[PDB]
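Those letters in the first sequence? Residues 50 to 310, 335 to 385, 462 to 787, by the authors' numbering. Yeah, the Cβ is synthetic: ideal placement off N, Cα and C, and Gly gets one too. Single-structure report; data block below.
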Amino acid sequence: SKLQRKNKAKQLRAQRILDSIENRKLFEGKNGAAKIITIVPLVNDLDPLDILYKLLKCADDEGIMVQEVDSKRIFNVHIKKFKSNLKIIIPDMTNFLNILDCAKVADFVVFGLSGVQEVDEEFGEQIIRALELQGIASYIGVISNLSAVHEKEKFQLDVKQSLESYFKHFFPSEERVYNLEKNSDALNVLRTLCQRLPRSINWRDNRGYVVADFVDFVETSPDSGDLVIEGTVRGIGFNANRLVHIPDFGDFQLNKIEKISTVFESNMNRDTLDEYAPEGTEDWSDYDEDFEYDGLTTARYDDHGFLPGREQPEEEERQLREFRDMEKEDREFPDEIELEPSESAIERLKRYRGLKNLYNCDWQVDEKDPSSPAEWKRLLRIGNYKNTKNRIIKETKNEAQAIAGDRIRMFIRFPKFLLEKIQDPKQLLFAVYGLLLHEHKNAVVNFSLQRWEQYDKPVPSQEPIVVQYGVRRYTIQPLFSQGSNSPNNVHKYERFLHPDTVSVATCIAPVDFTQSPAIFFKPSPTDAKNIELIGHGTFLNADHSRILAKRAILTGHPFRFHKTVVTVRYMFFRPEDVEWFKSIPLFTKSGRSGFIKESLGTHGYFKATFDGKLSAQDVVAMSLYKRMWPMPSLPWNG
RNA sequence: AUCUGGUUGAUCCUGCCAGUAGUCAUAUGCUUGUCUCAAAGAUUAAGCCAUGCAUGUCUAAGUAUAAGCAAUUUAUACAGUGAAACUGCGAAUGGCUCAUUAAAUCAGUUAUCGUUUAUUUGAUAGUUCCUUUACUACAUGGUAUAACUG
RNA sequence: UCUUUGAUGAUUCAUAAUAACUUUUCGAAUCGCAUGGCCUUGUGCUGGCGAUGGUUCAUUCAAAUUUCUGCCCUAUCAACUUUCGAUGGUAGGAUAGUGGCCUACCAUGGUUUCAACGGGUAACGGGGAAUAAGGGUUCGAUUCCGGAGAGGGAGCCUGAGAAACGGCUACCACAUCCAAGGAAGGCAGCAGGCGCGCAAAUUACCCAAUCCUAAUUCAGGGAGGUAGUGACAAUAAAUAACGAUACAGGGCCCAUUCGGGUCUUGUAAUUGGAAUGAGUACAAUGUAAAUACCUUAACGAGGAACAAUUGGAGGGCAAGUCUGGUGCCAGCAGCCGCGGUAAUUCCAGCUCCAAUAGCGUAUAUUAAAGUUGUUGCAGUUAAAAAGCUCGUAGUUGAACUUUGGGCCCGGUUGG
RNA sequence: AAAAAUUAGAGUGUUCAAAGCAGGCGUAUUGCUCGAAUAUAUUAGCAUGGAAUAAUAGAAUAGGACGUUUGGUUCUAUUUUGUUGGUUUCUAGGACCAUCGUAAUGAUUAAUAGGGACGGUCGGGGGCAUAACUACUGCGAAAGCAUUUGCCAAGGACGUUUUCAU
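This is the structure we're talking about:
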């Protein structure tokens, strides 16, 4: 008979309809749920407490809104209709930084709009562009009040269609805007947040994060006490083998874990709880790089060609006074040295490595470089960057000591000088983050630079700006490289944004295992909020094969052109570099090489061969290269 | 009330495969300015279902001491309005789907001298104290419970 | 010097009497309004309109059974039914009531080549729907009437009426809350779900209309109405119309020959002015309130931008002798086929053709099809007459039995 | 007598149309007024007209049909003997029972359908016993069928003023 359906049906789908259950139904509504809800107003004159009271009048209790009015920004409310509990938060618009993390704790973001204006670019539209570029879960756009447009009906219709504007180019994934003045539109905004949960972010999810409910200090010692933290664990958990960072306080060491309706402690398998770990000096102790410049006449290149020749409003003005001067050096003459020689040009700049080739030989990154500071010695370089990436993600679930959705009175070993600036949780959120094994140790890192939209003001490599990665607010001096496809990682050193191609930023900072996107902003009080949004990007890897370049190219005014000797004017008033740079072959900048043999005189006269035209339409050129290193970072607060 | 291309060097046939129009016949591709009229979870799974609604009802004329209101006044039984609750009636109509079912359903056609029927419309009831008026009310017999208080 | 008696085609029918019989049925211990007439004047006696209830006969809305004839493919289903009711007789039980409906004793019947009985159905039946010279072929889950069902089977309560599921109770399959003691559940009603697949709309406003229910004019109604989403289908029809010169030709004519008239175009980023709704929007009207359509202030074009699109250009089948690929970006277009450079088909530019809101492609079905043949095909050589004669059912079967003659009335037609 | 809707269709300026069932006229001053048709047995049942075509029954052993030929056997009592019940006399009124009378008493042809007899013949037809003639043509339902003699039965055609009515 025709039970063969119930064969083929109930034996095609039985496990494919099983892979997606408990992630959806761990939120059953008496004890096991906590839905985290954030509300962002998009104009400065809004009452989100009233928007809350437009979201709860349709909930069929009555005595929930009136007693919760005075000064509270965190709410925990149980919905006795769809049987779910919510965690309703609301930040403070006077600060900007608090807005940027109240999104990234949540999964549904209530986007309010305005029925009297449009959005503003630098503050509303940028904060929309802020959260989607750092990554966010799903959301709902909404309008609170539509009383202001005149009480005829058709005029209150089309003003919705105008407000669709920022969901045609921003998102082709959301077409409705719910009018909360309508009672029947204000209910399926309550249906969806009590009954769904979206694909959230990748990196914040897979590490564990708890929001605080009760924070109190207890005494263990006058050197260090303890803080009890009450909350519910989200993410994957918190175990006693690694560390925890909280912003504006930093990193602190736990002691014990207790789940209160499993008593755990911290073992002695801690990591190096310091900034500059002493486990880096017993890995590199070889004295085998001796590129020297103390008595070297010409850099030894005996493996690169010919025989050598031996002898027997007050903030902006200080920053742009030498900014646009480098257009002569970066853009119109990119390969150039500064020369108007009337001074003692016998010893003006000497220490160099002027080899001609770029991408076919060896260059020792590590040297005994006097430009290489004390970071270069006591640091660990675990140089395998693919298996160690995939090792750390596997071990974490195996050391599962805390499962998600638990009521914890979390204790932590904590000092005594930081018992003041933590406020009550009702006026400010308090969250923690699970820090992996050996992340806080500083090392070398590499970023990527996505240039900010309609902002072509470049920035040199000499500014310790704060770059947001993960949750960490760290000021850091960046240096910039290219991402050219070559099997040696010798790329071009640039100093600014390359306005055409996504640039690569080399840095020295603690490692980020989460592969979090990078955020380039400038803290300056020019804007009322202490942010100048200047860029964004992401982290890729930690590099060990970098060879940077420093250009200094001797070009000037040529006048004399013989087939073997070429004399160039305003060059040699003190001829020393012609006898100092024998094994650095000259070349015409039209792509034609040449040979330097001897100093034929004193004012530009040297032996110079030409491959093409012998005339003063192009200047013979040199090539110089050096190597220096970035500066480490610092955790920025305030 | 109509036919055209294809077997052979060339021709007449049997013969099928392309073509050609229609569909209140369903999907699908690219396009899309106006007026009138409008089908729409049937096919496959008569598979599973979060939340809210879809069945209640009073006149001058069955029962009011609301510790209801209105007070307003001819009214010492009550009389204005009128929650709750008992009693009466309805909930068997309507709406939705097409799984079963092949002399079954169902159609046009007969039969009840072979039966039940709220309602509606029209008729219809001096006889019934042991009595023809002898004890024992007909100017009128008896308990029990609801709402409500605690 | 003494009888009445209904109706039907038909009755032991209606209806009446006599003896009785019964856990003795019904025969107003209810309610609003009015307030009068009579008197020995006693709260004496009578007396109006109508609400609700009541037994039986008629009646209306019904219900339950029943008579005759009528269904798609299949013999690779020829014999089926009768212990355990199958066909009939007699007496009881049960029901609103007839009847093997059930129970006792007996008889041995009933269906079948004019297809019983069994198997398939991606089968609810009809009114009807598409195509059509005539005959026909293929559909009908779906606005009206009839039946069945409420996750799957069974059982009963209250009632005039239900084997009811927005009633209850059991087992079967499910699945919800839980202080673990227990307690609750049926979207094939309306909106809406996460499932499936080629495949199908809003958790909106109201009882104003249509009609139903209630103790009732007043309350109720996802029944039903109004909008949102809708290239499912069907009707009406914007995307330009008029001049001037100009230069051409044809053109009829003055033609002498010119130009004397009449024309027709052709074009001249040659030049002019008039018309108008798509759209916007004061008012009014619409409507239960609104939205839109009809009406109408002010606004609204050289339109080059307020800009039509799908498919083809050997043949069938309307449309090219056109230039470009080193075969950038070659099987190749339903079927004959075109490629081996430059192609009278691929890939692109230009110019033409067809429909104008494309019927462009896919899958079913109808005409074409006299290729299902009753109307109406095919016999030797093309697919196709059984090895041979007797013989079932089925179909088909010679001729013959009152014709002719005469008279006369009364129809509408050519007249 | 076969419901409405739909289909063919009459009337009717929704501004035309698909639709709808409306609408038209005066003084517009308290009004009169026409509509909402008709057709479509399309099996089976019901009422009715006609007697072609094609079936079916009737008298052959006459228990045949008509008769007021005559003898019977029965069964009913409506009526009158006011009336009532108790009797039978007729009388009508039902059937069946012999024989006595008159009608012209009562049987379709004999298929250039079929069967059955009958008379003279013909044939390598078949069974038992004891080549040449073979094509030009012989016989048998077919496959098939050749030396003479005799038995046993069968069969076509012809001939006929026989018979039965497939």
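Alpha carbon to alpha carbon, how far is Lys477 from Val651? Give it in angstroms, no decimals. 23 angstroms
Name the DSSP bridge partner or partners of residue 320? Since the numbering of the chain jumps from 310 to 335, residue 320 cannot be located in this structure.
Is the CB-CB distance between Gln631 and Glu612 below 8 angstroms? 8 angstroms or more divides the Cβ of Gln631 from the Cβ of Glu612.
Bridge-paired residues (DSSP) for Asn125: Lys136
Proximity of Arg723 and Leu773 at Cβ, strictly below 8 angstroms: no
Taking the alpha-carbon positions, what's the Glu174 to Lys79 distance? 39 angstroms
Could you tell me the alpha carbon to alpha carbon distance between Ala108 and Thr241, rounded to whole angstroms? 14 angstroms
Taking the straight line between their C-alpha atoms, what separation do you get for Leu149 and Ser249? 16 angstroms
My assumption, with CB atoms under 8 angstroms, is that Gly284 sits in contact with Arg256. Please give the rounded CB distance. 6 angstroms
For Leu488 and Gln766, the rounded distance between their alpha carbons: In this structure, the CA atom of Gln766 is about 19 angstroms from the CA atom of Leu488.
Between the Cα of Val226 and those of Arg253, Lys201, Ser193 and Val198, spot the shortest distance and give me the residue it belongs to. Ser193
By alpha-carbon positions, which one of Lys762, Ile683, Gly740 and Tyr618 ends up nearest to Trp785? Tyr618
Can you tell me whether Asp207 is buried or exposed, with buried defined as 16 or more other CB within 10 angstroms of its CB? With fewer than 16 other CB atoms across the displayed protein chains lying within 10 angstroms of its CB, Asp207 is exposed.
Rounded to the nearest angstrom, how far is the Cβ of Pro247 from that of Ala186, given a contact under 8 angstroms? 5 angstroms
According to the neighbour-count rule (16 or more other Cβ atoms, all chains shown, within 10 Å of its Cβ), is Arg718 buried or exposed? exposed
Given a threshold of 16 other Cβ atoms within 10 Å of its Cβ, counted over all protein chains shown, does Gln183 qualify as buried or as exposed? Of the residues assessed, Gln183 falls on the buried side of the cut-off, its CB having 16 or more other CB atoms within 10 angstroms.
Evaluate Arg540 with the Cβ neighbour count: other Cβ atoms within 10 Å of its Cβ, from every protein chain shown; 16 or more gives buried, anything less gives exposed. exposed
What do you reckon, are the CB atoms on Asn591 and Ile657 nearer than 8 angstroms? yes
Nearest by alpha-carbon distance to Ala698: which of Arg480, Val769, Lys775 and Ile189 is it? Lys775
Between the beta-carbon of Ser732 and the beta-carbon of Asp760, is there less than 8 angstroms? no
Could you have a look at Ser597 and say whether DSSP puts it in helix, strand or coil? strand
Do you know how far the Cα of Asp367 is from the Cα of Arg470? 35 angstroms
Rounded to whole angstroms, what's the CA-CA distance from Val769 to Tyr604? Just pull it up for me. 37 angstroms
Where do the N-terminal and C-terminal ends of the beta strand (DSSP E) with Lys84 fall, by residue? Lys84 to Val89
Do the CB positions of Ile138 and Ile123 come within less than 8 angstroms of each other? Cβ atoms of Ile138 and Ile123: closer than 8 angstroms.
How is the alpha helix (DSSP H) around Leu206 delimited, first residue to last? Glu202 to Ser211
Answer yes or no: do residue 324 and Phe744 have a C-beta to C-beta separation smaller than 8 angstroms? Since the numbering of the chain jumps from 310 to 335, residue 324 cannot be located in this structure.
If you reduce the DSSP assignment to three classes, tell me which class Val717 lands in. strand
What's the gap between the Cα of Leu61 and the Cα of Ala551? 36 angstroms
Taking the alpha-carbon of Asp661 as reference, which of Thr624, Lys538 and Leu682 has the nearest alpha-carbon? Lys538
If you measure between the beta carbons of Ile625 and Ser520, is that distance less than 8 angstroms? no
Limits of the unbroken alpha helix (DSSP H) element including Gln175: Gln175 to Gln183
Please classify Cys151: is it buried, with 16 or more other beta-carbons within 10 angstroms of its beta-carbon, or exposed? buried
Nonlocal neighbours in the same chain, by C-beta distance under 6 angstroms from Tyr188, ignoring five residues either side: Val158 and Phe160
Candidates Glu496, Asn232, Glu481 and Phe472: which alpha carbon is nearest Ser610's? It is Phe472.
Nearest-angstrom Cα distance between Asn237 and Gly190? 13 angstroms
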